[PDB]
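Only the coordinates and a few stated rules stand behind these numbers; no lab work does. Here the Cβ positions follow ideal geometry from the backbone for every residue, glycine too, while neighbour counts run over all protein chains shown.
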Amino acid sequence: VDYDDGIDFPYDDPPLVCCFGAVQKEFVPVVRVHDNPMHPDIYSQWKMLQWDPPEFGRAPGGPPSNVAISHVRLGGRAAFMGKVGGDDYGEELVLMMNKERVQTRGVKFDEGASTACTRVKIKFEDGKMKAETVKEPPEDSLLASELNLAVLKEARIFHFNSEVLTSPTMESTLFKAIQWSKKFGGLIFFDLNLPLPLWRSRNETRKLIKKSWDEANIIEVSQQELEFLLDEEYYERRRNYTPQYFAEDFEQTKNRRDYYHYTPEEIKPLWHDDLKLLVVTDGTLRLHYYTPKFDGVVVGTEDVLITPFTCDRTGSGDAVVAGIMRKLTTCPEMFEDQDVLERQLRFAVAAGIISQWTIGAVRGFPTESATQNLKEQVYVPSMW
Amino acid sequence: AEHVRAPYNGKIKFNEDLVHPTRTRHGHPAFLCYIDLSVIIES
Amino acid sequence: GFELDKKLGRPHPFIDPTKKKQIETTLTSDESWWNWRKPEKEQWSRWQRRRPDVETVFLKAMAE
Amino acid sequence: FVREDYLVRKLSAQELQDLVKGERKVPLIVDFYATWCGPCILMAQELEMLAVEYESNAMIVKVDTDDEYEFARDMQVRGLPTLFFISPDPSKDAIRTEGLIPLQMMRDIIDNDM
Amino acid sequence: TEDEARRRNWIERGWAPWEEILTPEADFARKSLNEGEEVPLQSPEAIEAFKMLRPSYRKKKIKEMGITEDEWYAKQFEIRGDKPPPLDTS
């Protein structure tokens, strides 16, 4: 807006990344309707949905603090920008991030608020129960004057989710943070992770995210989010088509799973000038990538049935994003070299796979050497 | 039976006209040797 | 140089680089039977990585 | 003859409607969950323990978002797990929490704010 | 006998000796396995099939015949056996 902040410094390696939003424990934001529910009380059956998940939950994302923790464990450096209350739960969240060696100088305390607590009022409009927000939680109440500009000056990637778009206060604060980061040369990473309200209608969501979509240099979306934003019914019809008499080629006879790679012309409504990399994730199975110059897909895999009693997919979406951010900062040729980009994205695939082998997102985030080991075990040496 | 193994890396050299084509019990093509063939490996 | 390191037991290549030759050209998968052709795509093995051990680590530390 | 293994009741949106409109004397805690959500397994065990601690001094209920998706969205549920703490005093406003909060934090809300 | 059974297979079960276009490996397998298990190949067909196991030998054989490679690829998709009496539509 006006000037700089802090003292210019040689800025130790690896380059810092900043994660913006709400620090929460667990809290899966992406919620849709699944048609295969287990017993409502016997939660010992619910693990069967971890190894036959709904498609929107194949590699779930989470709060931005998950990405920061996962990024640090993968060998990077990260700082979290956000607000917590001055109560005991607020200290626990900060102590969790300090233990994981995430910088918390960008975390502001609000001594008059209770962490993760929203005051709402219950109404009975048209014979139905609804709630409306009376006072937002401290997590969604960071002000622009409370931004740590030293972090925004140092950080090379600014990362945020669409959960901040559900808060009037955070949305205004978000666009001041983006302005500062761009002024200092930072790249903007938009990890969509649509919360429950934003799944209601395509047109309302497209209007709501359009401004933040246009400010982003890197975007990660799931296959379900991308199809919802373009046309959900066209792609479902496309998946359900079966030739009447004979297959068009030998591969169509095998009745394999659909890994459709969207053409850059289908993606065109969502492309803009400043966008450097679009990644569409089909869990860890496929990573479709799109650049101004080229596009392609990285083939991955998953194995949660290798450990049926400890598998938990929560947080695996954050590990994939953290793995992308770890390689983008240290391998800047990823943006311009296709072969280099594919090799580096296989590192992100491996991180997602390991993350699904432990109960709890933070508890199961993998280290760099474990991720590198799994990548070399899974892929043939020519693909490393 | 006894298996002869290559003592070094290199290129095998022999006259294929001195040996008789055959199919092994594993389904592979091979040669049958009825003489004292001299096989060279250039390491 | 060589042949003095070899005589004394000092570190030296096992094979003299001067008295070292290539292995010419070998069959290029068109002059080969099917069972001796290289697969077009690399095959996953589970033995594709070198086994770690103490000797590898100590030798590298002594090399530095 | 055989005690039931689970204390927390699952309610429909219509059933939860009448429970909130009707007269209540104890704090009402409403849990939104889904059987496919991994963290809900951890939350389910904490709420069963909270039901044992608060035998009749609180009422713990749960709502499945697979069955009551529209109701959950109108209640401002942004993700799972989500808890609503509703006071027996109709003037006081309800408290919505997000994430796997500790058991002690639930007790403090019930005792001091409910 | 092995004349009525063949006719029975044609009429009742719809048998026909449809051409099988084999790869060199499959052609060698049928010609060599008729001789034995691990024996020197003696029949001129199996000996030639052994030589054809190398595509380099095939190219040399094709050049000596003066035809192109694609023409050789099309000659293997040729109907074998006798031809029916040609049609005479009046």
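Scanning segment E:18-53 for residues that are surrounded by 12 or more Cβ atoms within 10 Å (Cβ to Cβ), in a helix (DSSP H, G or I) and of a type outside the set (A, V, I, L, M, F, W, C) yields E:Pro24, E:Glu25, E:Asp27, E:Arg30, E:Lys31, E:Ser32, E:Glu45, E:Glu48, E:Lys51. When chain B is filtered for residues that are more than 30 Å from C:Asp16 (Cα to Cα), more than 10 Å from every other protein chain (Cβ to nearest Cβ) and surrounded by 10 or more Cβ atoms within 10 Å (Cβ to Cβ), the ones remaining, listed by number, are B:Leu18, B:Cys33, B:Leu37. Across segment A:298-345, the number of residues qualifying as assigned to a helix (DSSP H, G or I), surrounded by 24 or more Cβ atoms within 10 Å (Cβ to Cβ) and among the charged types (D, E, K, R) comes to 2. Scanning segment D:16-49 for residues that are surrounded by fewer than 19 Cβ atoms within 10 Å (Cβ to Cβ), away from chain A (no Cβ under 11 Å) and either among the charged types (D, E, K, R) or assigned to a helix (DSSP H, G or I) (or both) yields D:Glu23, D:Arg24, D:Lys25, D:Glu46, D:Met49. Selection within segment D:71-94: residues that are part of a helix (DSSP H, G or I) and free of Cβ contacts under 8 Å to residues at least 12 places away in the same chain. The member of this set that is nearest to A:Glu163 (Cα to Cα) is D:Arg73.
If you go through segment D:82-112 and keep only what is within 19 Å of D:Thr35 (Cα to Cα), in contact with a strand residue (DSSP E or B) (Cβ under 6 Å, 6 or more places away or on another chain), facing chain A (nearest Cβ under 9 Å) and not β-branched (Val, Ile, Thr), you end up with D:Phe84, D:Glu98.
Which of the residues that make up segment A:101-123 are over 30 Å from the mean Cα position of the chain (by Cα) and at the interface with chain D (Cβ under 7 Å from one of its Cβ atoms)? Across segment A:101-123, the qualifying residues are A:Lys121, A:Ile122.
When D:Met59 is tested against (1) facing chain A (nearest Cβ under 8 Å); (2) under 13 Å from the mean Cα position of the chain (by Cα), just one condition goes unmet, and that condition is (1).
Each residue in segment C:21-64 was checked for being away from chain A (no Cβ under 14 Å), among the hydrophobic types (A, V, I, L, M, F, W, C) and more than 30 Å from E:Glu48 (Cα to Cα), and 8 pass. Pairs linking a residue in segment A:117-144 that is hydroxyl-bearing (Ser, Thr, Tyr) to a residue that is in a strand (DSSP E or B), with Cβ atoms under 6 Å and 6 or more positions apart or on different chains, are A:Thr118/D:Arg96; A:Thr133/A:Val120; A:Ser141/A:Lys83.
The set of residues from segment E:59-81 being of a type in the set (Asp, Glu) and either in contact with a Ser or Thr (Cβ under 6 Å, 6 or more places away or on another chain) or farther than 19 Å from E:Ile21 by Cβ (or both) comprises just one member, E:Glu64. Against the test of being in contact with an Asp or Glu (Cβ under 8 Å, 6 or more places away or on another chain) and of a type outside the set (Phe, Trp, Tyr), the options E:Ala29, E:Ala49 yield a single qualifying residue, E:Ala49. Applying the condition of being among the β-branched types (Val, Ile, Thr) and either surrounded by 21 or more Cβ atoms within 10 Å (Cβ to Cβ) or without any contact (Cβ under 8 Å) to a residue 24 or more places away in the chain (or both) to segment A:363-384 and asking which residue is farthest from the other protein chains (Cβ to nearest Cβ) yields A:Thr371. Please verify whether A:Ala150 is touching a helix residue (DSSP H, G or I) at 6+ places or on another chain (Cβ under 7 Å), of a type outside the set (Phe, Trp, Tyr) and touching a residue at least 24 places away in the same chain (Cβ under 8 Å), treating the condition exactly as stated. When the stated conditions are applied, A:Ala150 does not pass them. Residues that are part of a helix (DSSP H, G or I), under 16 Å from the mean Cα position of the chain (by Cα) and either more than 14 Å from chain D (Cβ to nearest Cβ) or exposed (fewer than 15 other Cβ atoms within 10 Å of the Cβ) (or both) within segment A:171-216 comprise A:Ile209, A:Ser212, A:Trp213, listed in sequence order. Summed over segment A:25-44, residues that are more than 7 Å from chain D (Cβ to nearest Cβ) and under 21 Å from D:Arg78 (Cβ atoms) total 2. Could you please give the count of residues in segment D:62-81 that are under 17 Å from D:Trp36 (Cβ atoms) and of a type in the set (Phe, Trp, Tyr)? The number of residues fulfilling the criteria is 1.
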